[PDB]
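Residue numbers (the entry's author numbering), protein chains in the order written: chain G, 24 to 64, 67 to 74, 85 to 89, 91 to 140, 151 to 177, 182 to 234; chain H, 24 to 64, 67 to 74, 85 to 89, 91 to 140, 151 to 177, 182 to 234; chain A, 51 to 58, 62 to 154, 174 to 490, 497 to 557, 562 to 609; chain B, 51 to 58, 62 to 154, 174 to 490, 497 to 557, 562 to 609. Each residue gets a CB set at the ideal place from its N, CA and C atoms; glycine is no exception. Note sheet for the following structure.
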Amino acid sequence: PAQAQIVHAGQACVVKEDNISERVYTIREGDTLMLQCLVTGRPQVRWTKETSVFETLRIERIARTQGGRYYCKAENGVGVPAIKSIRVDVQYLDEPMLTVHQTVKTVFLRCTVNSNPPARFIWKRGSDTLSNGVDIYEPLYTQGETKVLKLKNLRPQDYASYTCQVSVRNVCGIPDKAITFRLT
Amino acid sequence: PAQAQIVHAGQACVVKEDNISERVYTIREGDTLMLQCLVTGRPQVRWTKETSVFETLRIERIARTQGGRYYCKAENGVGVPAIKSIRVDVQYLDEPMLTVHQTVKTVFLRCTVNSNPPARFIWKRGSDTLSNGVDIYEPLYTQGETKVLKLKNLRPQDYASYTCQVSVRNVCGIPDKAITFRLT
Amino acid sequence: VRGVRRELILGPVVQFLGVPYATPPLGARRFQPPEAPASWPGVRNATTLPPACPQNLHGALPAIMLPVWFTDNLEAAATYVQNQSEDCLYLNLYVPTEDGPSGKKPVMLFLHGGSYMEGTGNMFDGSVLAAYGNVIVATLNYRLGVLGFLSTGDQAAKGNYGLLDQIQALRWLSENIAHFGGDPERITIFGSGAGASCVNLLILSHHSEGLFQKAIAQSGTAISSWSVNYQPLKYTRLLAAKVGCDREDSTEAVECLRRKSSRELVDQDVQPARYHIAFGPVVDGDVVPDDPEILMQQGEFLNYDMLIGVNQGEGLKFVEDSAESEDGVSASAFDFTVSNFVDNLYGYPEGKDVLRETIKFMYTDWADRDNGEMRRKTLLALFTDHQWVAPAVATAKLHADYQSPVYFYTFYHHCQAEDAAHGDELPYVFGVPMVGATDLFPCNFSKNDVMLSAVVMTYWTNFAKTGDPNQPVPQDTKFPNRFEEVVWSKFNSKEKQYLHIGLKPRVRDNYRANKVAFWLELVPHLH
Amino acid sequence: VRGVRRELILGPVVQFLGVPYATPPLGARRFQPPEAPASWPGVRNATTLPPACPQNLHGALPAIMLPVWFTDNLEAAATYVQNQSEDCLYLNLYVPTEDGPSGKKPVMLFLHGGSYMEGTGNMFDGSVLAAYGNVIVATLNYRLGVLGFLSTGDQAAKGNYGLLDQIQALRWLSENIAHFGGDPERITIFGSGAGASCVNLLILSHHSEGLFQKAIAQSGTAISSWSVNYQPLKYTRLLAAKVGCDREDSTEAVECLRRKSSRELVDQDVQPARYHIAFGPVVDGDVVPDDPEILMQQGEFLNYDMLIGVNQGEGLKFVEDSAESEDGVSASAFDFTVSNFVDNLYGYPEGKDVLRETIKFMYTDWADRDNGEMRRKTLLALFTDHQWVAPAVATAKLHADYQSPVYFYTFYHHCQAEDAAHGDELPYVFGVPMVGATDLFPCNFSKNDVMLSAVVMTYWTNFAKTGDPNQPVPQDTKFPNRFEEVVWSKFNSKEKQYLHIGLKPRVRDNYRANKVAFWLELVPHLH
């Protein structure tokens with residue numbers, strides 16, 4: 024046999040895997056990656074998704101667009117080249133963005159954000175809000195995905211200021227960001 | 024003024040109405056109807074839905101097809117003819133009907159019945175059934195309306211016999227009928 | 051009595070302007086059924102236009118639901134309703150000398185306006201029609217706005233006064249019209265917008281017994297959101313509140329309103345809900361025995377020869393919301409306006425979320441996901457479908473399930489100054511292409527535009543005469563004739579055979595049935 | 051090595070029947086990856102058909118999901134698979150002398185069958201194609217049924233053996249094919265039904281690195297209900313149970329199965345779930361790194377030139393349920409079969425009730441509510457849409473969202489013995511109209527039917543040569563030519579440009595998008 028088996032390095036966060044080797048390699052955007060691919064035979070290691088002939093893969097300041105599935109095709113031609121492969125789930129949470137709209151008296155607050163993983167949206171008014183005559187929802191055209199807070203009929207004292215607390219469950223050391231808008 | 028104002032007779036059941044006079048005149052199928060229409064002036070009474088010049093309307097052995105809205109157009113031409121009108125909600129509950137169907151192992155039991163008012167469907171197996183791996187529903191094409199009991203996968207001991215207890219909530223003295231089917 | 055004479062191609066005609074049908078609702082005859090006409094002591098000056106009923110144009114204005122000509126040419130629509138008074142229960146007539154290019177001629181009474189709060193029969197000069205059709209055209213005024221339909225839901229203020237005014241005016245014709253060369257057994261009511269709604273409501277009543285045989289609901293009906301007000305108190309409260317009349321008792325609060333001057337009462341401003349109305353007909357239990365829809369379902373009426381139809385893109389106004397934008401209509405604004413669609417209509421709203429996104433789905437053209445126009449288009453349709461098209465079918469369906477003979481149409485023609499919109503069918507029905515551009519119809523009336531006016535009138539008139547539009551006068555327009567080869571089949575519940583009005587006329591089956599069904603069959607059954 | 055020669062208009066061809074690509078899985082090489090070929094000592098008798106892999110025809114038979122010719126002509130399909138053995142890892146080749154009516177010719181490898189449990193490459197005589205196309209056509213046998221994909225989900229029995237057999241056979245070509253006038257850098261896999269599924273699965277793998285460039289998924293793909301088994305243990309348990317091998321341990325229960333004779337093992341009968349499969353490929357974490365759909369979404373593959381398509385009314389069989397009835401297909405049976413549709417697919421089923429009635433709705437043609445045929449029709453479509461059409465689009469959408477060039481089609485042609499059904503595209507692809515009716519293709523092959531065979535082959539072959547079907551050999555059929567003035571535009575995520583195959587060929591945009599969307603966009607988002 025001519026073998027291979029991957030182990031992590033660089034900057035992982037809250038590790039989990041399965042029966043063969045590391046299914047997941049979570050990393051934050053801006054950090055450094057290092058994936059070391061072992062051998063038995067010697068063989069010649071091969072990282073790919085031009086076939087890079089580094091034993092250890094490495095990327096400084098890893099971006100969202102660099103994430104994906106990479107394999108390790110180590111070979112001296114002693115039987116079938118062993119191929120162990122791994123997920124690079126690059127993570128982030130942007131500045132969230134907040135538009136609005138008005139009529140008789152209904153007011154919408156639309157809240158987008160690009161994230162990875164998919165973010166969790168929370169709506170406030172000093173303390174957090176969920177279903182009286184006030185609605186929240188997700189839509190079909192989830193270009194974010196997005197979240198919308200609708201005020202059905204402006205009652206005297208739901209005229210205060212609101213916040214769209216987005217969160218990624220603090221995963222991989224990533225802070226919660228939010229956004230405020232006022233009303234009169 | 025030339026007036027009119029209706030009072031029931033014949034065979035009513037558990038009476039309910041509104042601010043003007045009897046909105047509803049409930050009656051069972053097979054009974055007799057009598058609706059007496061009073062006058063002030067004198068005027069000439071008029072029942073209609085070729086204008087019958089009876091004071092009191094009457095139908096022996098009232099059928100489902102005789103139900104509807106009838107008015108009383110009493111007139112001597114002293115101002116506007118007064119017109120008080122009334123609902124004849126003829127009531128019944130037929131023999132209910134029960135088909136089936138089979139495959140891998152799902153069994154459907156379709157249960158129709160023509161009723162008035164709309165009947166309430168109950169399903170049994172010695173004692174009454176509602177949600182484990184067993185479904186009931188109404189459809190779009192409510193030619194009854196109908197009710198359907200689906201068995202998802204025939205487990206050893208849901209092979210017993212079933213009953214489709216239909217009911218009209220015992221209203222206007224009408225008995226509950228039901229229907230049985232066996233299984234192997 | 052006697053009046054005045056006119057002429058413009063066609064056979065000349067006599068008008069009867071300012072004839073009353075009842076004693077006017079002035080003192081404590083306000084918010085009271087109309088009693089019949091005060092007895093006429095001299096040869097009545099039936100010569101000039103009777104004034105309008107209490108309405109305000111300058112603010113409180115249900116845009117979306119009004120005809121286009123109304124809200125495109127307000128300056129022109131203002132001119133008719135300027136002479137206002139509470140004494141407004143006067144009808145007009147238009148009767149001809151000779152048949153236009174001696175048996176008792178039929179009667180076409182016009183209900184009108186657009187909202188329950190706006191219009192007069194005066195705006196509609198139904199003179200051409202009378203001449204060309206050779207029938208008697210009647211245009212009236214009923215009580216509007218507050219005066220028409222304020223209600224408590226008590227014996228104190230039953231409401232449906234405006235209808236009773238129409239009913240009486242109709243009863244005037246029944247008893248009298250005979251003495252204008254008229255016919256009491258071929259009377260024909262016809263409407264538009266609200267009038268349509270009214271037409272359909274009279275039908276369901278008992279109080280319109282021996283008064284008419286034939287009915288024409290041009291774009292609208294009684295089961296729509298804004299045909300019938302099922303919350304009379306709540307809005308009367310708000311009215312009573314703005315004039316200090318809202319007492320805890322019913323009867324005393326009514327007798328309050330009497331004393332406030334009519335001028336002061338109507339021009340007050342109460343907005344209703346979205347896609348609803350505050351002042352309109354109500355389920356009283358006399359002239360509207362039960363919820364119209366329920367009445368229509370159970371067959372609690374009698375067999376009036378119906379003629380309902382509908383226009384391509386009725387509620388154009390609905391998308392006049394962000395019309396001037398033309399990157400299209402915004403992607404996510406589509407979501408929004410639908411969300412408010414579902415909420416003020418179906419918004420019960422335990423399982424609304426589905427209802428929104430699934431109704432979004434049916435109208436988003438998946439060919440081009442990204443084009444704003446081919447949402448705008450569709451949004452028009454969406455609204456169109458729900459607030460006229462579908463209802464109209466289902467009414468027909470019922471009225472022919474109980475075997476009133478009935479014919480159906482779709483109208484497909486503008487004539488541009490500045497998509498066939500709600501109202502645009504009117505000038506063609508009232509023959510205005512044949513006289514030239516009036517103040518509230520500015521259009522380049524094409525050689526074609528005329529052909530269309532003839533054909534609609536020929537159909538509509540015939541219909542009054544027999545209860546069959548395509549029979550009596552057959553289709554001609556050679557004074562080729564594109565409607566020659568075509569017979570308006572009867573509508574029924576099965577093959578929903580209807581007439582495509584337009585430059586390309588024909589019979590088709592099941593108008594828009596796909597969407598029809600979505601609204602009639604699936605959606606209410608979600609909850 | 052050397053073999054045998056044949057001929058029928063066209064340039065003659067050499068066959069290579071019974072060439073092995075790996076040492077056969079016999080002892081404890083069963084349920085083990087194929088190791089490469091045992092070394093050939095002498096000129097191998099590459100002359101007659103290699104026998105079939107372990108399958109049972111006489112009962113356990115996934116009707117709905119198999120090609121039509123298969124289940125219409127079983128007696129004829131039986132004849133090929135009668136010589137069975139466990140030693141079945143042999144491919145065939147078809148290479149021509151001269152160009153049909174020595175620079176390295178491309179390679180078209182055929183994956184096959186219809187279910188994962190039924191077929192051999194022998195059934196498909198890819199000889200005509202080779203001659204007319206002037207490329208090397210390869211038809212193989214992979215391990216079937218139990219032998220192909222039994223799994224525990226452990227290191228004990230990883231599964232995906234059948235694929236690894238295909239992968240190795242492909243690796244044989246890569247290393248060797250050069251020595252038949254073949255080309256190792258223009259190898260092209262192509263499939264049907266399950267083969268299709270397999271094609272799509274190899275693509276997503278790592279183990280098919282330098283082995284092929286071009287891929288053709290004729291009607292089917294990897295994300296469908298029955299392409300991939302996500303419950304391997306449950307069904308292996310039932311198999312182990314019927315042969316007394318179901319031990320509590322994994323590894324011991326596997327080593328049990330080894331010793332039971334192959335004959336005895338496959339012909340055992342386990343039914344799976346409705347619209348699922350019990351023995352098939354699995355997410356192992358080697359040849360199927362993750363859930364196919366998830367892999368396809370995140371872009372965890374490389375850019376293979378794809379060519380997917382789909383036939384008008386694929387799952388005709390689905391409505392072979394009450395086909396012979398013709399009062400139509402029953403009103404309330406429509407409800408029923410849909411209820412089981414939603415349950416065995418989406419039936420989670422907290423909010424199912426909606427899902428049923430709303431999916432009923434989209435497919436009931438509201439033009440004629442009452443006609444059974446125009447439900448039957450639609451039910452075919454319903455099933456068709458969900459189990460091929462839509463998936464196929466969404467795969468394309470992704471593979472072109474990541475910029476693999478890819479072309480799309482729809483196939484629209486039967487040729488009648490007894497609606498274009500699943501499978502009916504094959505004989506046209508394999509040129510069988512040009513030889514005359516074979517035993518499993520009985521049809522009156524029309525003058526036209528030929529034109530169609532030529533055009534598909536010309537397209538398909540060209541595609542192997544360049545990765546552009548409409549380029550290399552341009553469209554001709556004068557040996562008019564109805565495909566002359568038509569160019570097969572590339573597919574993309576936006577204007578879903580595809581080729582309508584048939585007598586009337588052309589480019590259209592957004593195949594069936596309305597329904598596509600319902601299934602891709604709305605429905606899974608209900609729950």
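Q: Determine the direct distance from the alpha carbon of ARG232(G) to that of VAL342(A), and round the result to whole angstroms.
A: In a straight line, the C-alpha of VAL342(A) is about 29 Å away from that of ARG232(G).
Q: Return no unless some Cβ of chain G is closer than 7 Å to the Cβ of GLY357(B).
A: A Cβ of chain G is located within less than 7 Å of the beta carbon of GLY357(B).
Q) Quick one: what does DSSP say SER87(H) is sitting in, helix, strand or coil? A) If DSSP states are grouped into helix, strand and coil, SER87(H) belongs with the strands.
Q. Are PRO364(B) and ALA294(B) touching if we call contact CB-CB under 7 Å?
A. Against a cut-off of 7 Å, the Cβ pair of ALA294(B) and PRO364(B) comes out as a contact.
Q. So what does DSSP say about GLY205(A), is it helix, strand or coil?
A. In this structure, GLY205(A) counts as helix in the three-state DSSP scheme.
Q: Go through its chain and collect everything with a Cβ distance to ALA228(A)'s Cβ below 6 Å, but skip five positions before and after it.
A: Closer than 6 Å at Cβ, skipping near neighbours: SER322, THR323 and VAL326.
Q) Can you tell which of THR49(H), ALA27(H) and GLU40(H) has the C-alpha that lies nearest to the C-alpha of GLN34(H)? A) Residue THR49(H) is the option with its Cα nearest to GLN34(H).
Q: Give the single residue among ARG309(B), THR555(B), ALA89(B) and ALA241(B) whose Cα lies nearest to the Cα of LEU146(B).
A: When each option's Cα is compared against that of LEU146(B), the closest is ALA241(B).
(Q) Just to confirm, is the Cβ distance from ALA75(B) to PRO86(B) under 7 Å? (A) For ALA75(B) and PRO86(B), no; Cβs fall outside 7 Å.
**Q.** Straight-line gap, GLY263(B) to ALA468(A) (C-alpha atoms, nearest Å)
**A.** Each residue's Cα considered, the two are about 54 Å apart.
(Q) Bridge partners for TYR209(H) per DSSP, in chain order? (A) For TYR209(H), DSSP records no beta bridge to any residue.
Q) Are any of the Cβ atoms in chain H nearer than 7 Å to that of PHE182(B)? A) Answer no: the Cβ-Cβ gap between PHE182(B) and chain H never drops below 7 Å.
Q) What are the residues that DSSP puts in a beta bridge with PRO344(A)? A) Its beta-bridge partners do not exist; DSSP assigns none.
Q: With DSSP as the reference, label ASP442(B) as helix, strand or coil.
A: Correct three-state label for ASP442(B): coil.
Q. Looking only at its own chain, which residues have a Cβ that is under 7 Å from the Cβ of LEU454(A), when we skip the five neighbours before and after it?
A. Here the set comprises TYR435.
Q.
Strictly under 7 Å for the Cβ-Cβ distance: is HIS278(A) near chain H by that measure?
A. It does: the Cβ of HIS278(A) has a partner Cβ on chain H nearer than 7 Å.
Q: Evaluate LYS597(A) with the Cβ neighbour count: other Cβ atoms within 10 Å of its Cβ, from every protein chain shown; 16 or more gives buried, anything less gives exposed.
A: By the 10 Å Cβ count, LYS597(A) comes out buried.
(Q) Going by DSSP in three states, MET529(B) sits in which element: helix, strand or coil? (A) Three-state DSSP puts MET529(B) in a helix.
Q: Please confirm if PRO361(A) has its CB atom under 7 Å from at least one CB of chain H.
A: Yes, contact with chain H.
Q. When the Cα atoms are used, what is the spatial distance from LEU181(A) to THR211(A)?
A. Roughly 6 Å separates the two Cα atoms.
**Q.** Cα-Cα separation between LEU142(A) and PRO77(A), rounded to whole angstroms
**A.** Each residue's alpha carbon lies about 6 Å from the other.
Q. Could you give the distance in angstroms between the alpha-carbon of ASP356(A) and the alpha-carbon of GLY231(A)?
A. In a straight line, the C-alpha of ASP356(A) is about 7 Å away from that of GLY231(A).
Q: Report the neighbours of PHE167(H) on chain B: residues whose CB is nearer than 7 Å to its CB, in chain order.
A: Near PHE167(H) there are no residues of chain B at all, since even the closest Cβ is about 15 Å away, more than 7 Å.
Q: State yes or no: is the C-beta of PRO304(A) within less than 7 Å of the C-beta of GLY234(A)?
A: No.
Q. Given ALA542(B), which residues of its chain have a CB within under 7 Å of its CB, disregarding the five upstream and five downstream residues?
A. Sequence-distant Cβ neighbours of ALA542(B) in its own chain, meaning closer than 7 Å and more than five residues away, are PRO178, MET180, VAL207, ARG258, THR260 and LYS286.
Q. Taking buried to mean at least 16 other C-beta atoms within 10 Å of its own C-beta, is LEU585(B) buried or exposed?
A. Around the C-beta of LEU585(B), fewer than 16 other C-beta atoms lie within 10 Å, and the residue is accordingly described as exposed.
Q: Pull up the CB-CB distance for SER299(B) and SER269(B), whole angstroms please, since I reckon it's below 8 Å.
A: Contact between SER299(B) and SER269(B) is confirmed by a C-beta separation of about 4 Å, below the 8 Å threshold.
Q) Considering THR260(B), what are the terminal residues of the beta strand (DSSP E) in which it resides? A) Taken as a continuous stretch (DSSP letters only), the beta strand (DSSP E) holding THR260(B) covers 254-264.
Q. Residues of chain A with CB under 9 Å from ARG105(H), in chain order?
A. What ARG105(H) touches in chain A, judged by beta-carbon distance under 9 Å, is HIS278, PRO361, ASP362, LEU367, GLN370, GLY371, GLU372 and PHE373, going in chain order.
Q | Cβ shell of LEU310(B) (< 6 Å), same chain only, five flanking positions each side left out | A | The residues are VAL342.
Q: List the residues of chain G that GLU603(B) touches, going by C-beta distances under 8 Å, in chain order.
A: Within chain G, the C-beta atoms nearer than 8 Å to that of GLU603(B) come from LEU190, in chain order.
Q) What residues from chain H crowd round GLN227(A), counting only those whose CB sits closer than 9 Å? A) Per Cβ cutoff of 9 Å: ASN42 and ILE43.
**Q.** Close beta carbons around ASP174(G), own chain, < 7 Å, minus the five adjacent residues each side
**A.** So the qualifying residues of the chain are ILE168.
Q. Between the C-alpha atoms of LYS432(A) and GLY185(A), what's the straight-line distance to the nearest angstrom?
A. Approximately 32 Å between the Cα atoms of the pair.
Q | Start and end residues, alpha helix (DSSP H) containing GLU327(A) | A | Unbroken alpha helix (DSSP H) run through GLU327(A): 322-331.
Q | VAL47(G), enclosing beta strand (DSSP E) - first and last residue | A | Per DSSP, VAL47(G) belongs to the beta strand (DSSP E) from 47-51.
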